[PDB]
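Notes follow the structure.
Residue numbers begin at 1 in each chain, while the letters A, B, ... track the order of the sequences. These numbers come from the heavy atoms of this one structure, side chains and all, not from hydrogens, waters or symmetry mates.
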Protein chains: 2
Amino acid sequence: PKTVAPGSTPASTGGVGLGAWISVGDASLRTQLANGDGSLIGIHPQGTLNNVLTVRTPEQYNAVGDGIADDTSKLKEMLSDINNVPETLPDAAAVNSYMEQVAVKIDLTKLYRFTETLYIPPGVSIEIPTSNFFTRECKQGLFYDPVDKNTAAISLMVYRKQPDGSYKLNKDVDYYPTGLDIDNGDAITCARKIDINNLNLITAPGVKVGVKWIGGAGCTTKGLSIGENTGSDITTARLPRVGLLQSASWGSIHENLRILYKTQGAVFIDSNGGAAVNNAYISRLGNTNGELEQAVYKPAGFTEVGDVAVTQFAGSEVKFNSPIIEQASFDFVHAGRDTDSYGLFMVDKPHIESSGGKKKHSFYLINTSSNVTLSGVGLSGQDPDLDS
Amino acid sequence: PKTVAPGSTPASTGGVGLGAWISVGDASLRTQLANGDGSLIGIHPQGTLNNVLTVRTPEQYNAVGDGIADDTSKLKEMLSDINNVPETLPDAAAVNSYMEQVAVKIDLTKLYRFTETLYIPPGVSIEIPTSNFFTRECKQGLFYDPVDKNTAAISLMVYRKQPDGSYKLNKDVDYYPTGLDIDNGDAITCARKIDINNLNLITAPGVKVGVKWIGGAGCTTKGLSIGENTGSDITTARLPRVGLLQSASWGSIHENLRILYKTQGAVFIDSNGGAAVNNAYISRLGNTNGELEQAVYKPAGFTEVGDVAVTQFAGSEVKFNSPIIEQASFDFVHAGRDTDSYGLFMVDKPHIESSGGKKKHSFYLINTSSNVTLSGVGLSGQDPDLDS
Ligand SMILES: OC[C@H]1O[C@H](O[C@H]2[C@H](O)[C@@H](O)[C@@H](O)O[C@@H]2CO)[C@H](O)[C@@H](O)[C@@H]1O
Ligand SMILES: OC[C@H]1O[C@H](O[C@H]2[C@H](O)[C@@H](O)[C@@H](O)O[C@@H]2CO)[C@H](O)[C@@H](O)[C@@H]1O
């Protein structure tokens, strides 16, 4: 005989399974199925449903996915269930271990409004069926809509050494680690095994930075698409002031990156050895008042006023293969490393265009060398004296 | 008490749910499961089955998938359920709106025979597990088998203006929009947010055009594979005369495109700024009678006879990187724009080969400039006077 004390549960009196409690009847089947993992369902050629379910979705966490409801905690919970990285860690060994966990794929098929910077832990693949392209109304992806606009929508994890030898996750928008920081332990990257396929990210007007790709060595992107072609007034367009900011990401590859921006498209700083940006399509949403934008992250030698599609400095040498740059005051601003002019400006066959022939310079090169191959496409601006 | 009138249903007497009607028993469960969406099946770490099922297949529509039965209506239904765009539209706002719908991924794992041109609407991702490569018998993909061979197997959507001011979907096999048409309003593209991975397309012998990549700005492809390596006799092979025809597709990228053709491999016309074709493997199925093939779509300046692997004109300047071209009479035929010679012919390290050393010319250049990098692979024809 089996004695069951008052206040018992099947789980607390032997569990449910062979030799213990066995579910019987329809009510129990309903709950067994509803609270299971799919193991009750057989599949072909053999095995059970759970054996083949590996993707995660915000819907599993009840995200509304309409770009209205605040789905922040749902997205964070989804991320946490994959790899929950505490914001404070004791030492190097502790932060490094979070890059040695199981990686999981996430599929974003609706529109998720969020109001706090999302930090992607290592071991994450994010996918969306297709990439946005001058999309007027974003329907699938992330919509960053915070109270504090002096922030980034998305950011990789980089831990900063504290006075007591402990490490705290960086949450400062303007911060980016240097190759030196990574060498001397002042910063420790917690960004690895991250893959993006078609992530669409829109932003409330005025948000400072779209994506902070910091410390992402070996991390990859394909079809990453930033910004919304909301309307003619860029001042209300749902796109960030700065599309992407990248540092300490050697060996990182961005395939067919798409960026709709207001102030700066993409910025690459310090160590990014061997990193490539292929077939990028970077455009200011029209060039109205473009010449009045003020670059936010720029080398000291660049003091000119005007929007910049691509900015690079502090020894960064990203390879730009066949980029398409549109509607920019400055297509490229590049500075060699202050100390020795290190960092070759490499642009192969750029497709440069701007409505009404409005432009300041295509290649603004400071204390540097370069190898550029022209493809019979380009222009110089309307000022007969200053534009070149 | 609850009174239920004769001829009632649960829906007509309060609905199903808390505070109303609740399903009870095995029979109810069987029907709920059969007619549901997976919501009764829990999965890990939380949520239900419906939350993670996002991919569509033709099997959901009972397609036979054997390459014999005509699965046309079922492929069309699957496409329509994703984005059902009317063949006739009121104005531009109307057609533009269809590029702002939720995108869906389709997985093709069997062989689907169809008999009318398939029009891929915006917001569609297509994937097949692997790409065909000189495949003798196509097992997975699409097989176009029409009564009228003067047609295209697959086409993107471009709307043509009508005398009354309305717009109609183009169904003319030879039509392609120009940059001028798009600028005009004469044409409005409805091809955006389309991604193709490993799509295998074979066609009945005699089919004019395999794929009409028109207006596909920012659309991408990887492993698109056209044509079947049926047998030694090309007149009987399951491949089209013209593999791919592209126009108005600036920023479109074709990665590792594979084409087996009879007349012309790929054709690129008019505005295609910044578009790239990487590691294409284009080959006529042998060169037997290749010299007699007459190019269908080509510039006026080209009047020679012979098959052409790659044809480009009207100001199109697609970048061809590491293409592999085999058994062609003419590897490339390129004409700069009539008015100002615009449109640089760019080919980087082409791997050119032809059986028996049979060939007319590799680079037939008309009213144009070019930058070509040779990789120590190539040859010139057997005519000691004309071939170069
Ligand atoms: O030597 C490193 C780098 O330091 C300064 O860069 C600034 C930059 O000007 C700001 O826009 C922002 O991004 O912070 C950076 C340093 O944290 C110098 O101005 C620059 O020339 C130099 O390369
Ligand atoms: O000015 C554009 C273009 O017009 C003609 O191109 C023809 C082509 O010859 C045909 O094969 C077919 O594709 O229709 C095209 C447009 O009607 C000229 O022959 C060509 O040279 C010219 O660049």
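The closest donor-acceptor contact from the side chain of B/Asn51 to the backbone of B/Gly47 lies at 3.5 Å or more, if one exists at all. Between the side chain of B/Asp348 and the backbone N or O of B/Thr373, no donor-acceptor pair lies under 3.5 Å.
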Inset, instruction - Give the C-alpha distance, both sets of side-chain angles, the deciding distance and a yes or no for ring pair (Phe, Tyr, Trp, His ring centres under 6.0 Å) between A/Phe143 and A/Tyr112. - result: CA-CA 6 Å; A/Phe143 167 33; A/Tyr112 320 99; over 10 Å; no
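Interface remark: of the candidates B/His44, B/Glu127, B/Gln46, B/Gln46 forms the most heavy-atom pairs closer than 4.5 Å to chain A. Interface check for chain B: of the options A/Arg258, A/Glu353, A/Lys349, A/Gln60, the most heavy-atom pairs under 4.5 Å are formed by A/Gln60. In terms of heavy-atom pairs under 4.5 angstrom with chain A, the leader among B/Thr220, B/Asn371, B/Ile194, B/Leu344 is B/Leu344. Contact count versus chain A (heavy atoms, under 4.5 Å) is highest, among B/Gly273, B/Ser28, B/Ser39, for B/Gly273.
Of the atoms belonging to A/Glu77, it is side-chain heavy atoms, and not backbone ones, that fall under 4.5 Å from chain B. For A/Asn50, no part sits under 4.5 Å from any heavy atom of chain B, backbone or side chain. Neither the backbone nor the side chain of A/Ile352 comes within contact range of chain B; no heavy atom of the residue lies under 4.5 Å from a heavy atom of that chain. Proximity to chain B is limited to the backbone of A/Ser131, based on heavy atoms less than 4.5 angstrom apart.
Salt bridge B/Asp195/B/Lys105: absent, no basic N to carboxylate O contact under 4.0 Å.
Nearest heavy-atom pair across B/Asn272 and B/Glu317 is O-OE2, 4.4 Å.
Checked options B/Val347, B/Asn278, B/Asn279; the residue passing with B/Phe320 is B/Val347 (criterion: side chain to side chain contact (heavy atoms under 4.5 Å, CB included)).
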